[PDB]
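Peer 1: Next up is a structure, given as structure tokens.
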Amino acid sequence: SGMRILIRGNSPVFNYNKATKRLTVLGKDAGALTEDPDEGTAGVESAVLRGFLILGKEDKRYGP
Amino acid sequence: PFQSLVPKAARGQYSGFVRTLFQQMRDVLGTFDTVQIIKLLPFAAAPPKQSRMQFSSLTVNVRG
């Protein structure tokens with residue numbers, strides 16, 4: 001069966017729980033993750049698109 | 001009415017790009033394209049801004 005890993009989000013093959021900060025792979029447990037001091041805080045995500053930066057949430061001003 | 005469709009956050013940046021481009025037609029002769037002018041004219045009506053961005057396509061909002 002061909003399962004999928006979503007580039008942005010959580011998938012059954014890979015689910016990250018922020019609350020407990022734990023990684024679950026195919027139901028089983030993988031471990032816990034700390035936070036890098038360099039971890040970005042502005043919300044800008046760069047590794048979700050080939051040549052684009054996700055600058056934030058929906059902005060209806062820019063259009064549909 | 002046309003400017004009601006164009007996205008709010010891009011009416012200026014679009015308009016300037018058209019206006020500047022329209023100026024390029026008045027400077028150099030032989031570039032007076034009727035179809036291009038008619039196509040791009042409605043985007044001019046706005047408080048134009050300035051940006052180096054060279055648009056390829058201008059967005060419009062139609063039924064969301």
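Ordering of the structure tokens sets the chain letters (A, B, ...), residue numbers begin anew at 1 in every chain, and ligands are numbered from 1 in the order given.
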What are the closest atom pairs, with distances in Å to one decimal, for each residue of chain A lying within 7 Å of chain B, using only C-alpha atoms, rows by chain and rising residue number, as a tab-separated table?
Peer 2:
residue	atom	partner	partner_atom	distance
A:61	CA	B:9	CA	5.3
A:62	CA	B:9	CA	4.9
A:63	CA	B:7	CA	4.8
A:64	CA	B:64	CA	5.9
Peer 1: Could you write out, as a list in words, all the residues of chain A that DSSP marks as strand (DSSP E)?
Peer 2: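 DSSP-assigned strand (DSSP E) residues in chain A: residues 15, 16, 17, 22, 23, 24, 25, 28, 29, 30, 31 and 32 of chain A.
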Peer 1: Could you give me, as a ChimeraX atom specification, the residues within 7 Å of region 43-46 of chain A, counting only C-alpha atoms and dropping anything in the same chain fewer than 6 positions from it?
Peer 2: /A:52-56
Peer 1: For residue 12 (chain A), find every residue with an atom within 8 Å (counting only C-alpha atoms), except residues of its own chain fewer than 3 positions away, and show them as an MDAnalysis selection string.
Peer 2: chainID A and resid 5 15 25:27
Peer 1: Which residues are close to residue 20 (chain B), i.e. within 10 Å by only C-alpha atoms, leaving aside same-chain residues fewer than 4 positions away? Reply as a short mmCIF file (atom, residue, chain, number, x, y, z; two decimals) with N, CA and C atoms, in the first residue's frame.
Peer 2:
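Written out: result14.cif:
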data_model
loop_
_atom_site.label_atom_id
_atom_site.label_comp_id
_atom_site.auth_asym_id
_atom_site.auth_seq_id
_atom_site.Cartn_x
_atom_site.Cartn_y
_atom_site.Cartn_z
N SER B 15 -1.36 49.17 -10.77
CA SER B 15 -1.59 50.38 -11.56
C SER B 15 -0.27 51.00 -11.99
N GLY B 16 0.64 51.23 -11.05
CA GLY B 16 1.93 51.79 -11.41
C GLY B 16 2.58 51.00 -12.52
N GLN B 24 6.13 53.90 -21.34
CA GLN B 24 7.10 53.36 -22.28
C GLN B 24 6.58 53.41 -23.71
N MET B 25 5.26 53.31 -23.89
CA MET B 25 4.70 53.39 -25.24
C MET B 25 4.77 54.80 -25.78
N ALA B 44 -5.13 50.83 -14.45
CA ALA B 44 -4.41 52.07 -14.19
C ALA B 44 -5.11 52.92 -13.14
N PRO B 48 -1.39 54.97 -7.74
CA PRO B 48 -0.32 54.04 -8.08
C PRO B 48 0.85 54.11 -7.10
N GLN B 50 5.00 52.26 -6.39
CA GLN B 50 6.21 51.93 -7.13
C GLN B 50 6.84 50.68 -6.55
#
Peer 1: Give me, as a list in words, all polymer residues having an atom no more than 12 Å from residue 22 (chain B), counting only C-alpha atoms and skipping those fewer than 6 positions away in the same chain.
Peer 2: residues 15, 16, 28, 29, 31, 32, 33, 34, 36, 37, 38, 39, 40, 41, 43 and 44 of chain B
Peer 1: Write out, as a PDB file, in the first residue's frame, the residues just selected, with N, CA and C atoms.
Peer 2:
ATOM      1  N   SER B  15      -1.362  49.173 -10.772  1.00  0.00           N
ATOM      2  CA  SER B  15      -1.589  50.381 -11.556  1.00  0.00           C
ATOM      3  C   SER B  15      -0.272  51.002 -11.995  1.00  0.00           C
ATOM      4  N   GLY B  16       0.635  51.230 -11.046  1.00  0.00           N
ATOM      5  CA  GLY B  16       1.927  51.785 -11.409  1.00  0.00           C
ATOM      6  C   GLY B  16       2.581  51.001 -12.523  1.00  0.00           C
ATOM      7  N   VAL B  28       8.940  55.625 -26.768  1.00  0.00           N
ATOM      8  CA  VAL B  28       9.425  55.015 -28.000  1.00  0.00           C
ATOM      9  C   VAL B  28       8.240  54.745 -28.915  1.00  0.00           C
ATOM     10  N   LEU B  29       8.357  55.167 -30.169  1.00  0.00           N
ATOM     11  CA  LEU B  29       7.308  54.925 -31.143  1.00  0.00           C
ATOM     12  C   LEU B  29       7.389  53.495 -31.668  1.00  0.00           C
ATOM     13  N   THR B  31       5.617  50.998 -30.544  1.00  0.00           N
ATOM     14  CA  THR B  31       5.136  50.078 -29.525  1.00  0.00           C
ATOM     15  C   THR B  31       3.673  50.314 -29.172  1.00  0.00           C
ATOM     16  N   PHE B  32       2.981  51.178 -29.914  1.00  0.00           N
ATOM     17  CA  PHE B  32       1.592  51.495 -29.613  1.00  0.00           C
ATOM     18  C   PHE B  32       0.695  50.324 -29.991  1.00  0.00           C
ATOM     19  N   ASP B  33       0.492  49.404 -29.052  1.00  0.00           N
ATOM     20  CA  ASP B  33      -0.332  48.223 -29.267  1.00  0.00           C
ATOM     21  C   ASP B  33      -1.736  48.502 -28.746  1.00  0.00           C
ATOM     22  N   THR B  34      -2.717  48.486 -29.649  1.00  0.00           N
ATOM     23  CA  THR B  34      -4.091  48.765 -29.252  1.00  0.00           C
ATOM     24  C   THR B  34      -4.601  47.719 -28.269  1.00  0.00           C
ATOM     25  N   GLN B  36      -2.998  45.620 -26.240  1.00  0.00           N
ATOM     26  CA  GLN B  36      -2.361  45.683 -24.929  1.00  0.00           C
ATOM     27  C   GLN B  36      -2.918  46.837 -24.108  1.00  0.00           C
ATOM     28  N   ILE B  37      -3.078  48.005 -24.732  1.00  0.00           N
ATOM     29  CA  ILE B  37      -3.580  49.169 -24.011  1.00  0.00           C
ATOM     30  C   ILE B  37      -4.998  48.914 -23.522  1.00  0.00           C
ATOM     31  N   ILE B  38      -5.860  48.398 -24.399  1.00  0.00           N
ATOM     32  CA  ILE B  38      -7.244  48.152 -24.000  1.00  0.00           C
ATOM     33  C   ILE B  38      -7.297  47.117 -22.885  1.00  0.00           C
ATOM     34  N   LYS B  39      -6.443  46.097 -22.965  1.00  0.00           N
ATOM     35  CA  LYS B  39      -6.435  45.050 -21.951  1.00  0.00           C
ATOM     36  C   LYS B  39      -5.999  45.589 -20.595  1.00  0.00           C
ATOM     37  N   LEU B  40      -4.942  46.398 -20.564  1.00  0.00           N
ATOM     38  CA  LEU B  40      -4.334  46.799 -19.304  1.00  0.00           C
ATOM     39  C   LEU B  40      -4.873  48.111 -18.747  1.00  0.00           C
ATOM     40  N   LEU B  41      -5.678  48.852 -19.506  1.00  0.00           N
ATOM     41  CA  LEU B  41      -6.055  50.194 -19.068  1.00  0.00           C
ATOM     42  C   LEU B  41      -6.832  50.192 -17.760  1.00  0.00           C
ATOM     43  N   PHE B  43      -6.683  48.667 -15.089  1.00  0.00           N
ATOM     44  CA  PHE B  43      -5.857  48.551 -13.895  1.00  0.00           C
ATOM     45  C   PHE B  43      -5.159  49.855 -13.539  1.00  0.00           C
ATOM     46  N   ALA B  44      -5.135  50.830 -14.450  1.00  0.00           N
ATOM     47  CA  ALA B  44      -4.409  52.070 -14.194  1.00  0.00           C
ATOM     48  C   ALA B  44      -5.105  52.921 -13.140  1.00  0.00           C
TER      49      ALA B  44
END
Peer 1: Could you give me, as a PyMOL selection string, the residues within 12 Å of residue 56 (chain B), counting only C-alpha atoms and dropping anything in the same chain fewer than 4 positions from it?
Peer 2: chain B and resi 14+17-18+40
Peer 1: Please write the residues from the selection above to a file, keeping N, CA and C atoms, as a short mmCIF file (atom, residue, chain, number, x, y, z; two decimals), in the first residue's frame.
Peer 2:
data_model
loop_
_atom_site.label_atom_id
_atom_site.label_comp_id
_atom_site.auth_asym_id
_atom_site.auth_seq_id
_atom_site.Cartn_x
_atom_site.Cartn_y
_atom_site.Cartn_z
N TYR B 14 -0.20 47.15 -9.07
CA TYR B 14 -0.60 46.88 -10.45
C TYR B 14 -0.63 48.17 -11.26
N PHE B 17 2.62 49.67 -12.38
CA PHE B 17 3.24 48.85 -13.41
C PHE B 17 2.62 49.13 -14.77
N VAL B 18 1.30 49.23 -14.83
CA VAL B 18 0.65 49.59 -16.09
C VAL B 18 1.05 51.00 -16.49
N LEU B 40 -4.94 46.40 -20.56
CA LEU B 40 -4.33 46.80 -19.30
C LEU B 40 -4.87 48.11 -18.75
#
Peer 1: Calculate how many Å separate CA of residue 58 (chain A) from CA of residue 8 (chain A), rounding to one decimal.
Peer 2: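 A separation of 15.4 Å between them.
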Peer 1: In Å, rounded to a single decimal, give me how far CA of residue 12 (chain B) is from CA of residue 27 (chain B).
Peer 2: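 Separation between CA of residue 27 (chain B) and CA of residue 12 (chain B): 22.4 Å.
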Peer 1: Quick one: distance from CA of residue 22 (chain A) to CA of residue 35 (chain A) in Å, one decimal?
Peer 2: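 Atom-to-atom, CA of residue 22 (chain A) and CA of residue 35 (chain A) are spaced 12.1 Å apart.
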